[PDB]
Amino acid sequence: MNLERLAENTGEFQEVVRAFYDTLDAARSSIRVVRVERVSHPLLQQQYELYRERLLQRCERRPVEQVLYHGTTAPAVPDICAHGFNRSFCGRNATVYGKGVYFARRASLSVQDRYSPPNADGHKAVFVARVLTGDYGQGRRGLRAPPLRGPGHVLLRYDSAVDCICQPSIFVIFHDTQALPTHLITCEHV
């Protein structure tokens, strides 16, 4: 089982839900958390953990890791739990900042129907993922990998692509072990 239902009497549940509603902005009043589930994929967790340690040694930017959101469709949920996030299933809607997996800093964005469309029961899927944003650069329509660092840098590419280099709200990640789905929020409209 890649999904374990979290009980409301736990601190883990209350931290996920508090962080969700804090970033829900104008939607805070219009969205109800139905269910919270822990995502279990030990191989990815362990691989993510190694990636994390190498970025802590290397990166000029702190923090190396952010807790971001990813709204998805109901049929894509078993895929992410079992295999993690896959940039090859770019079907979703668009890839205006590159052909990667899109993460939002605020649940207010991921909770929009175009990202988390409700099923027939009105349940909307929003993954909580630990993402290794690292050193980021500007996203663009052509990107198949992170943006180029350009002159003044030893490395050729950044770790992630962003919507705005000044005040980022969207992060695009282009590596299979760079984002770890830790929870699934099943929410709905009031």
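Note that residue numbering begins at 1 and tracks the sequence as displayed.
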150-158 or 124-132, whichever carries the higher mean Cα B-factor: 150-158
Mean temperature factor over C-alpha atoms, higher-scoring stretch between 24-32 and 53-61: 53-61
Per the PDB entry, maximal CA B factor within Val172, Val16, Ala179, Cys166: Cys166
Candidate residues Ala104, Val111, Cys81, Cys90, the one whose C-alpha B factor the record puts highest: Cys90
Assigned third (lowest, middle, highest) for the C-alpha B factor of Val96: highest
Ranked C-alpha temperature factor of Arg144 among modelled chain residues, by third: middle
